[PDB]
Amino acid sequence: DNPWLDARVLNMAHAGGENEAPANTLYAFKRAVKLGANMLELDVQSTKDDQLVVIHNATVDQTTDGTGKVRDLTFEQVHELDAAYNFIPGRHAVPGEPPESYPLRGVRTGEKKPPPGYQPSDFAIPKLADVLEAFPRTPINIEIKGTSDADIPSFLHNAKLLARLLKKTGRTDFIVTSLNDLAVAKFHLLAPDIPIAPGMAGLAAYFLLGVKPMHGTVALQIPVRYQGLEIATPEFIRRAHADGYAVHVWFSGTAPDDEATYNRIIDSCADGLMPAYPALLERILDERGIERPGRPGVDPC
């Protein structure tokens, strides 16, 4: 069967909580786990020397002080930069504001003292290997990224790199996914034991034609709305459940990262949310007594 139909309700920190902390940094992950997130959610790219690093965009421009495409830079180049240079609470990463906007700019580079409990390295772009070292016992939702939407070779390069590494850990508490369905198929071929979730065309095909997503799928990981169509409804999740799949919902501009939304998606029987505000979600769950993995409680439907 599917263990993930019981792993609910999940607080899956979107890149660690991009509205509450520098996205894809160890600070964000360490913070997010500490306040009660059941699962990390993160993005992977690869350096010029084929090192899997945890970053979302193909270019380091938006979240750091540097410039260039991750695949053009070595890990040693990428690691020295400040992955909190442009963080602003409530607004992820936004360059060009008064330097006082940035409460954690410069901590990686040593110009400000880190908050208590963290080192300057907790604010750089981490190797995926270092995140796995740091969370041996936390499930990690990993998403394969590429150089551009149409650069199918870069997704496949990353899928290869990812499966090799995840195999070496011998772990199984992952969910690997990509917007590019080819990457998922290639990843599933190289690492059949690791749970996946469908890419874009598999989701369309399931929603539209009933076609079950690739063997090995544990969950459907869906935005709330897409191009006007409401995806994460009670009915859609009723059917996904009936067909044996979990539903994890993300937001990221398709619907507001706010309290009413999180509540509606909880009420829609989703099994996990991917909030940019993992603190805000954790408070809602605690306050409502919603069942959690292990810790039982209220079933909101």
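Counting begins at 1, following the sequence as shown.
Looking at mean Cα B-factors across 65 to 73 and 249 to 257, the upper value is held by 65 to 73. For the pair 196 to 204 and 98 to 106, the mean Cα B-factor is higher in 98 to 106. In the deposited entry, the Cα temperature factor of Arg292 places it in the highest third of its chain's modelled residues.
In the PDB entry, a CA B factor belonging to the highest third of its chain's modelled residues is recorded for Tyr118. Among the modelled residues of the chain, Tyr226 sits in the lowest third by CA temperature factor in this PDB entry. Split the chain's modelled residues into thirds by C-alpha temperature factor. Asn86 is in the middle one.
Sort the chain's modelled residues by C-alpha temperature factor and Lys212 lands in the lowest third, per the entry.
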